[PDB]
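Quick reminder, even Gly has a Cβ in these numbers, built from the backbone with ideal geometry, and neighbours come from all protein chains shown. What follows draws every value from the coordinates through simple rules; no lab data is involved.
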Amino acid sequence: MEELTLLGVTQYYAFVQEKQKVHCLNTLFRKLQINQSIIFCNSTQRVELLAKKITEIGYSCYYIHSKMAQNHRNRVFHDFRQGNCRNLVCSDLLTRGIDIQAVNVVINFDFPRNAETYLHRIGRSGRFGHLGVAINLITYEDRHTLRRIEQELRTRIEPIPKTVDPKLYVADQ
C-alpha cells in the first residue's frame, strides 16, 4: 500500500490548448474561492515564466524549483506558509514541504507524465484528509495519459463543472 493517498482530494481536469493555459488559469482564479494555491509545471524554465506572467496580471506569487538551493527553497516556502504569498509556483521536487492548511487548491498547470509524479504532487501523507481540490490543465491530445494515470492510481478525475461545489474545498471551520 502507498504512503500517500488521494482520498479527500477532489480531482478535476479541463481540456486546454497550450496557448490558452494562462487564460484558463485566470478564469480559475476568478470562479474559485482560492485561499492559497500551489501550481506545478513540468520544467524550471516554465516555472519562472509562469510566475512572472502571473505577477504581471496582478496576482501574488513566489516560486521554488529544483535548481534553487535547498535552504533558499526552505525560506521561500516558509514565507509562503506564513501568508506573505498567495500562490506558489513549483517544479517537481523530491523533498516535499509540510502541509499548509490555507492551501485549498492545487493546480497542475502542466500535466505530469506518469502516475508517481502525479501522486507525489497531489497525494497526502496523513489519513485526516483535509478537504481540497486538484485541477489538471490538459490538452485533448494528451487525454490518454490522464486515463492511464487514473486507472493506475485507482482514483477518479472528473471534468470540471462550471461551479465547483465549495463543500469540497472551502474549509468549514
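Going by the conditions given, is residue 66 in contact (Cβ under 8 Å) with a residue 12 or more places away in the chain, surrounded by 12 or more Cβ atoms within 10 Å (Cβ to Cβ) and over 17 Å from residue 105 (Cα atoms)? Yes.
Among the residues of the stretch 154-173, at least one is polar (S, T, N, Q) and either within 19 Å of residue 34 (Cα to Cα) or in contact with a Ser or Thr (Cβ under 7 Å, 6 or more places away or on another chain) (or both).
Within the stretch 145-160, track down each residue that is farther than 15 Å from residue 111 by Cα, of a type outside the set (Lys, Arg) and without any contact (Cβ under 8 Å) to a residue 40 or more places away in the chain. If the condition is that a residue be farther than 15 Å from residue 111 by Cα, of a type outside the set (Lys, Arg) and without any contact (Cβ under 8 Å) to a residue 40 or more places away in the chain, then 151, 152 are the ones that fit. Name the residues in the stretch 140-172 that are part of a loop (DSSP other than H, G, I, E, B), in contact with a helix residue (DSSP H, G or I) (Cβ under 9 Å, 6 or more places away or on another chain) and surrounded by 15 or more Cβ atoms within 10 Å (Cβ to Cβ), would you? Scanning the stretch 140-172 gives 153, 155, 160, 164. Return a yes/no flag: does the stretch 72-86 have any residue that is surrounded by 14 or more Cβ atoms within 10 Å (Cβ to Cβ), under 19 Å from residue 39 (Cβ atoms) and touching a helix residue (DSSP H, G or I) at 6+ places or on another chain (Cβ under 8 Å). Scanning the stretch 72-86 turns up at least one residue that is surrounded by 14 or more Cβ atoms within 10 Å (Cβ to Cβ), under 19 Å from residue 39 (Cβ atoms) and touching a helix residue (DSSP H, G or I) at 6+ places or on another chain (Cβ under 8 Å). Scanning for something among the aliphatic types (A, V, I, L, M), in contact with a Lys or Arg (Cβ under 7 Å, 6 or more places away or on another chain) and closer than 28 Å to residue 163 by Cα, does the stretch 10-30 turn up at least one residue? Looking through the stretch 10-30, at least one residue is among the aliphatic types (A, V, I, L, M), in contact with a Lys or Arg (Cβ under 7 Å, 6 or more places away or on another chain) and closer than 28 Å to residue 163 by Cα. Annotation note: of 27, 10, 5, 55, the sole residue that is closer than 26 Å to residue 116 by Cβ and over 14 Å from the mean Cα position of the chain (by Cα) is 5. Kindly indicate whether residue 87 is without any contact (Cβ under 8 Å) to a residue 60 or more places away in the chain and within 19 Å of residue 14 (Cα to Cα). So residue 87 fails the test.
If you go through the stretch 72-105, how many residues are hydrophobic (A, V, I, L, M, F, W, C) and within 18 Å of residue 29 (Cα to Cα)? Final tally of qualifying residues: 8.
When the residues of the stretch 33-52 are filtered to those that are under 14 Å from the mean Cα position of the chain (by Cα) and of a type in the set (A, V, I, L, M, F, W, C), which remaining residue is farthest from residue 76 (Cα to Cα)? So the residue we want is 34.
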